[PDB]
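Let's start with one chain on its own, the form deposited in one PDB entry, as structure tokens.
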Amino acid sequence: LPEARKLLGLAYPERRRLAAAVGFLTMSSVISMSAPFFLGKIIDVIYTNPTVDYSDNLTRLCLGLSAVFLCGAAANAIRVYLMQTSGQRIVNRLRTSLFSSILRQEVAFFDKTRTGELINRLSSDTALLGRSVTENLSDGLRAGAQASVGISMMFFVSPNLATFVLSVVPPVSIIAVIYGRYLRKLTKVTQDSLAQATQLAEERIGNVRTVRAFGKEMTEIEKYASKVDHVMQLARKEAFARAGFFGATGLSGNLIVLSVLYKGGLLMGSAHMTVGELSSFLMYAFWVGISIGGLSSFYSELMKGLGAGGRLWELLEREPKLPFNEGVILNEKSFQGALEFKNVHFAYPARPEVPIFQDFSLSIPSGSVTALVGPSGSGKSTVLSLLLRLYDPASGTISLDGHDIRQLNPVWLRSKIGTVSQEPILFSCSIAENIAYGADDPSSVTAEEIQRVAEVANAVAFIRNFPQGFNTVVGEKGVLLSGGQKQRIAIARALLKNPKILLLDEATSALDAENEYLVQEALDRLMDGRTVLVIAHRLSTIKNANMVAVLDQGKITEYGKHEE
């Protein structure tokens, strides 16, 4: 009931479309149900009168049936459209709402949740939920109403035969459900064993570097073959039980129809029924069987949509553990760009056992370049993550001009901070759209503004040297760029943003004489007149930095000029 209230409200804006479509589905289903009754009376009329010409009755009946069919087709067309479009609007409202919630979440959420699971929830579960309260709801509503009218019409036509069907079907069905529960058991065994075999396979393929290195390729191939040979053994046993079941199911099914043909046949011989009346009964009994299969599927789909519903309302009602757009903004006079770390203790959420900062304190003063130095994996890159407030420190404070960055609006805080990554990220957009991304409104930036920053960041040469120029679609689903190129576009983006604070994570790892010069020249133009925090790789940038801070074992172990 608390879950059903959510599904009802979901379908609520579409209440009038779904009420009209269900109204058309009511008409069609019920008018359709009268056919076995009228076919029975026609069968008996023919039987009674083999000497009567029925051509004019047939012509009128078939002419009249055409108009009923033309209406039913026009009713069905409308019903389908109203149903499909109702579901589309529901799936649209679910997509916009789920995406909105996901982006609002803290970084830590994405550290613990896989993108594939979020995309599967935004693609498949939004699809399930939409068609569960629409197409499936109508599917089960028709099948439910058709078994209702069907069973009623079986008792109407013959209470003896209907009571007989009713005494035979449930016992047989119950025994078949039990065999079905045994079959499900042998199936999960086989599919659990197959999951293990696939996990073994997946793991070894994923880490073929370690398998090679130990000469265990032939060992794993044989280990896997042994596992899937055993699955075959379980599948053969599961195949014997499925053969027995299908054979028993078919026999029961046939013998139940043979029972009703026999019992009905005897009742006909005793003048308890006509051939028409029997034809009529068997058509309804067949219609009931389909309606039970219809209610059966509807349940399996309603369960699926409920499982999907739980996964969606999970993310739809998740409150980000870090503020999204709340807090204060600083005055023009009050904002100077001075930053301070005071006794920062931090360990990443995925590995909370590994401390990155253990009493980290660093004062980056306004307008001065500060070069961060330390061994590999010391936690230099994590400094930019904490400044952008992607995470909050466990202990201590990060302050901007004496204000705890926690009290400020994070979106605003990041509007003041520009960043140049080790390996920058470019979306599958144009080069110009990627540069425009720096601006507080990438729509307000003129072609001339994008061309200016591209010249200053030394990117205009390679961009213009591309077939489509600034309209060259980059990213993953586009034209692949070098690190030096990606970094210069990251500089162009930062130039456009015009931030008071700049955070550079140098990429001296991947650089050649041609790139490394135009990048160092662009980075010099960029650094000019900003509070800079540079993670220094090149000894040249350490040398002319106002201060050097050494990060060892999660703390600032040394602090002074390159000489001192």
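Definition used throughout: the rigid core is the maximal C-alpha set that superposes within 1.5 Å between two forms. Numbers follow the displayed sequence, beginning with 1.
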Seminar exercise, completed: Avg C-alpha B-factor, entry values, 416-424 vs 393-401, higher side is 416-424
For this session: Could you settle it for me: does 185-193 or 162-170 have the higher average Cα B factor in the PDB entry?
Result: 185-193
Problem set entry | Residue selected from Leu502, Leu63, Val45, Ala510 by maximal Cα B factor | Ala510
For this session: Using the temperature factors in the entry, find which of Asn498, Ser28, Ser55, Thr51 has the highest value at its Cα atom.
Result: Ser28
Seminar exercise, completed: Entry-reported C-alpha B-factor of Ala176 relative to its chain, by third, is highest
Problem set entry | Third of chain Cα B-factors occupied by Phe214 | lowest
Problem set entry | Ranked C-alpha temperature factor of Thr113 among modelled chain residues, by third | middle
Seminar exercise, completed: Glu203: CA B-factor among chain residues, third -> lowest
Exercise. When the modelled residues of the chain are sorted by Cα temperature factor, does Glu319 land in the lowest, middle or highest third?
Worked result: middle
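Absent from the display: the form deposited in another entry. The rest refers to it.
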Seminar exercise, completed: Out of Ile78, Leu261, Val354, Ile221, the position with Cα displaced 2 angstroms or more between the shown form and the other one on rigid-core fit is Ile221
Exercise. With both forms fit on the core, is the shift of the CA atom of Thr190 between the shown form and the other one 2 Å or larger?
Worked result: yes
For this session: Superpose the two forms on their rigid core, then report whether the C-alpha of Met232 is displaced by 2 angstroms or more between the shown form and the other one.
Result: yes
Exercise. Once the two forms are fit on the core, has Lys333 moved its CA by at least 2 Å between the shown form and the other one?
Worked result: no
